[PDB]
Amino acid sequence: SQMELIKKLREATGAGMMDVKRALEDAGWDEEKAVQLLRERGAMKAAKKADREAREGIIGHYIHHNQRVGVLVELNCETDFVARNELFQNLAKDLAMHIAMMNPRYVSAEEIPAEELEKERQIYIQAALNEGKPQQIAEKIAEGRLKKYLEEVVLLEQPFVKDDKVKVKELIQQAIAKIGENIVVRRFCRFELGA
């Protein structure tokens, strides 16, 4: 109804009381086109604090039940108040767990140097120029063949282990939205026994 729809709603998305109402109006009073609005809108708030400083936070970890794989992860926020919040906590636990399974190589894309990306990017067009279509066609062929690569090696671009429907970055952005503090993944560590 009124604050009852908004309530039950924000209650779930943990967002801005006014931003909630705004979205219900903004997209008729139906939850589905609202929560999805909120999600979509949240993505923006994220990019706004994207360059804010964050040296607070904690060290997340995940130790597989069989002790054969362990992961360390530095998750920074702005204030230690946030760091202590159940949401930060869980996000961290969940990120560590994800890494354990997905085994990313980098945190973000920019983390990748040129000479490196290139020594690779060409091995891409090398085999494309063969199986038919020459360079021009194979240059745009190796345009989406990279997107896949990043979804594999880059933590942020990886499909979240508890919902292959959303990319890691998104999971993060979502958090940032409900908190209001820039959240960054400083670095991670992963050991797999005999590997």
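Heads up: residue numbers just count along the shown sequence, starting at 1.
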| item | value |
| --- | --- |
| Of 148-156 and 126-134, the one with larger mean CA B-factor | 126-134 |
| Stretch with the greater mean C-alpha B-factor as recorded in the entry, comparing 58-66 against 23-31 | 23-31 |
| Which of 100, 107, 92, 114 ranks first by CA B-factor in the deposited coordinates | 114 |
| Within-chain third of residue 193 by Cα B-factor, per the entry | lowest |
| CA B-factor placement of residue 183, once the chain's modelled residues are sorted into thirds | lowest |
| Record-listed C-alpha B factor of residue 176: chain third | middle |
| Record-listed C-alpha B factor of residue 162: chain third | lowest |
